[PDB]
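Enquirer: Right, I'll just put the structure down here and ask away after.
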Amino acid sequence: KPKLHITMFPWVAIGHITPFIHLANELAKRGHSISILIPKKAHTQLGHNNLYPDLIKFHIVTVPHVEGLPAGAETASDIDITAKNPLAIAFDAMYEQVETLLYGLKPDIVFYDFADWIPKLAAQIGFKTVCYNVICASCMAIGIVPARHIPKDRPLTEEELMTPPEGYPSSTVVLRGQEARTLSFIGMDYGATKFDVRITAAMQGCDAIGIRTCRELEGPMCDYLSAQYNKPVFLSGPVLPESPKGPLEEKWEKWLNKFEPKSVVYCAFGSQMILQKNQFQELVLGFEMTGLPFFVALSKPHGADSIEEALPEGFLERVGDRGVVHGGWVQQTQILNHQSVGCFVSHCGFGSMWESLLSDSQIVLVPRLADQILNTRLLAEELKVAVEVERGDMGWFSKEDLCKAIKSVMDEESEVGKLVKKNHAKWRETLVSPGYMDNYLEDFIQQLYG
Ligand SMILES: C[C@@H]1O[C@@H](OC[C@H]2O[C@@H](OCCc3ccc(O)c(O)c3)[C@H](O)[C@@H](O)[C@@H]2OC(=O)/C=C/c2ccc(O)c(O)c2)[C@H](O)[C@H](O)[C@H]1O
Ligand SMILES: O=c1ccn([C@@H]2O[C@H](COP(=O)(O)OP(=O)(O)O)[C@@H](O)[C@H]2O)c(=O)[nH]1
């Protein structure tokens, strides 16, 4: 079998481009040739991530200026929400530049997600298409699917959004109440068209749908998506990047070593979230209330000079050496692997969820976004490997709610903790079994050949 030539054209955001590159590295490792079309600024930021320079080539695509687009705006990270429709309109405008590159590259398969016009080019240039999604399967299945009717004229109510589309496999992986607002984007404008129109065209135009998940986690959701669009669904596995080697920072190791094994509660909310000052103070107070050792790695609240400035009065003093609150970036994998760490409080982002699943720590979830809430419902309610902190109307969580969730997984007495620990242990063993990740990548490649 001759090796494949795959072209990737992701939506212009670091959160989309990076998983596409990680998949490209796994494909190149197998000998396949990848051409990746991205703006230069993303190229400058992520270019070091290419581990196979002869197999993986970057092609710079220019983001055309359009009315309302800030100067030199190329990715979602450059603009805030007011520029979102200009950025999408500019993204659609690289169609002609993409067409010329595709006419030259002549790929066998093109990967895309938000560029719904790629299948039209698939007809003109002659290539197969996969609509490959970095978002979780349950979010796709509960949202933009033909079984859900989204009116063009009027927005969906909170009720319509909370109601899962007919045939949706799970009664557990659902949004509840005010959480439904987190799904409201599926109906919003996105450039010249509404988001759901763009995703519907993307899903229906492709030859197959690609999802970065595994069947053991999200199998019924993938089957629902396959039937809803009458498309095959190819599961790539999570395609997790290689763990960063190198030792843990010596001061962290020394501070962790003062504590007993599995006794330290670690907390981090990803590299995208910045908490408001009032939620931040409520969180650090919730960790103090537990009386257990804690390591909190969170960005300082926006507009705070320092972490110590943002802290509530008297916090530093009451806590002493029992807890650390650190504004800097930390080596999350190494800290979690440290014997002293016993609990992980996270927002259930994609990276943190898989790191939680693969680790030996207890799992405490404080989701914010719609996908995080759904992954939390999968982990806490269906799989029962985690506990979810109770939250308020805006996603607000009280210090007592956070404290109770931590004690419920940390106390040896707690029956809830023993159950999630046991269920967690089963799943960890499945996901770490040797060759489990590689089987998905190999099976992904074979489906591409079909
Ligand atoms: C602010 C974002 O706006 C919605 O997300 C919609 C999309 O928005 C994009 O951002 C580019 C525009 C932008 C740039 C800077 C900002 O400060 C800002 O607020 C908005 C992101 O890059 C996409 O990952 C995101 O897709 C998705 O996340 C969902 C994709 C999806 C969802 C359901 C489906 O069925 C499906 O096929 C795909 C949701 O509210 C997200 O939670 C939230 O992070
Ligand atoms: O202090 C930190 C915070 C985050 N991460 C890493 O950042 C990645 C992205 O986090 P996640 O996907 O969970 O959330 P997101 O950043 O996507 O919002 C994960 O692999 C974490 O290990 C890290 O190394 N140190």
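We name chains A, B, ... following the order of the structure tokens; residues begin at 1 in each chain, and ligands are numbered from 1 as shown.
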I need the residues of range 15-190 of chain A that end up classed as helix (DSSP H, G or I) by DSSP on the backbone, written out as JSON, numbers by chain.
Expert: {"A": [15, 16, 17, 18, 19, 20, 21, 22, 23, 24, 25, 26, 27, 28, 29, 40, 41, 42, 43, 44, 45, 46, 47, 48, 49, 81, 82, 83, 84, 85, 86, 87, 88, 89, 90, 91, 92, 93, 95, 96, 97, 98, 99, 100, 101, 102, 103, 104, 105, 118, 119, 120, 121, 122, 123, 124, 125, 126, 137, 138, 139, 140, 141, 142, 158, 159, 160, 161, 162, 177, 178, 179, 180, 181, 182, 183, 184, 185, 186, 187]}
Enquirer: For ligand 1, return the neighbouring residues as a PyMOL selection string (distance at most 9 Å; only C-alpha atoms and all ligand atoms).
Expert: chain A and resi 11-16+75-85+87-88+113-114+133-145+181-186+188+190+195-196+199-200+202-203+368-372
Enquirer: Within 7 Å of ligand 2, counting only C-alpha atoms and all ligand atoms, which protein or nucleic acid residues do you find, written as a ChimeraX atom specification?
Expert: /A:15,268-273,297-298,328-333,348-353
Enquirer: Check the DSSP output for the backbone and give back, as a ChimeraX atom specification, the residues of range 65-300 of chain A in strand (DSSP E).
Expert: /A:109-112,128-133,189-190,193-194,208-211,233-235,264-268,294-297
Enquirer: May I have the residues within 8 Å of residue 59 in chain A as a list in words, using only C-alpha atoms and disregarding those fewer than 3 positions away in the same chain?
Expert: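 After dropping sequence-adjacent residues, the list is residues 35, 36, 37 and 38 of chain A.
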Enquirer: With distances taken over only C-alpha atoms, which residue among A:335, A:441, A:385, A:358 lies nearest residue 246 in chain A?
Expert: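 Closest candidate: A:335.
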Enquirer: May I ask for the distance between CA of residue 435 in chain A and CA of residue 26 in chain A, given in Å to one decimal place?
Expert: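 CA of residue 26 in chain A lies at a distance of 13.9 Å from CA of residue 435 in chain A.
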Enquirer: Which residues, written as an MDAnalysis selection string, have at least one atom at most 6 Å from residue 165 in chain A, with only C-alpha atoms counted and residues fewer than 3 positions away on the same chain left out?
Expert: chainID A and resid 147:148 168
Enquirer: Could you take the residues named above and write them with N, CA and C atoms, as a PDB file, in the first residue's frame?
Expert:
ATOM      1  N   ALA A 147     -32.036  15.790  13.826  1.00  0.00           N
ATOM      2  CA  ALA A 147     -33.189  15.558  14.685  1.00  0.00           C
ATOM      3  C   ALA A 147     -33.574  16.815  15.454  1.00  0.00           C
ATOM      4  N   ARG A 148     -32.616  17.695  15.737  1.00  0.00           N
ATOM      5  CA  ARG A 148     -32.942  18.998  16.300  1.00  0.00           C
ATOM      6  C   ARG A 148     -33.274  19.990  15.198  1.00  0.00           C
ATOM      7  N   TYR A 168     -31.395  10.698  21.150  1.00  0.00           N
ATOM      8  CA  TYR A 168     -30.138  10.925  21.849  1.00  0.00           C
ATOM      9  C   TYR A 168     -29.947   9.842  22.906  1.00  0.00           C
TER      10      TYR A 168
END
Enquirer: What's the 10 Å shell around residue 58 in chain A, counting only C-alpha atoms, without same-chain residues fewer than 3 positions away, as an MDAnalysis selection string?
Expert: chainID A and resid 7:8 34:40 43 47 50 53 61
Enquirer: Measuring atom to atom with only C-alpha atoms, identify which of A:417, A:31, A:395, A:323 is nearest to residue 252 in chain A.
Expert: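 Among A:417, A:31, A:395, A:323, it is A:323 that comes nearest to residue 252 in chain A.
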Enquirer: Of the candidates A:402, A:420, A:94, A:167, which one gets nearest to residue 65 in chain A if we count only C-alpha atoms?
Expert: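 Checking each of A:402, A:420, A:94, A:167 against residue 65 in chain A, counting only C-alpha atoms, the winner is A:94.
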Enquirer: Need to verify the contact set: residue 219 in chain A, 12 Å, only C-alpha atoms, exclusion of same-chain residues closer than 2 positions in sequence. Can you return it as a count of residues only?
Expert: 24
Enquirer: So that I can check the surroundings of residue 276 in chain A, please list as a PyMOL selection string every protein, DNA and RNA residue that reaches within 9 Å of it, counting only C-alpha atoms and ignoring chain neighbours fewer than 6 positions away.
Expert: chain A and resi 300-302
Enquirer: Keeping C-alpha atoms, export the residues of the selection given above as an mmCIF file, in the first residue's frame.
Expert:
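Once written, result29.cif looks like this:
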data_model
loop_
_atom_site.group_PDB
_atom_site.id
_atom_site.type_symbol
_atom_site.label_atom_id
_atom_site.label_comp_id
_atom_site.auth_asym_id
_atom_site.auth_seq_id
_atom_site.Cartn_x
_atom_site.Cartn_y
_atom_site.Cartn_z
ATOM 1 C CA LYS A 300 -4.367 35.425 38.960
ATOM 2 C CA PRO A 301 -7.779 37.080 38.494
ATOM 3 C CA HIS A 302 -7.652 39.523 35.604
#
Enquirer: Given only C-alpha atoms as the basis, pick out the residue of A:20, A:111, A:117, A:344 nearest to residue 265 in chain A.
Expert: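 The closest residue to residue 265 in chain A is A:344.
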Enquirer: For CA of residue 373 in chain A and CA of residue 388 in chain A, quote the distance in Å rounded to one decimal.
Expert: 9.4 Å
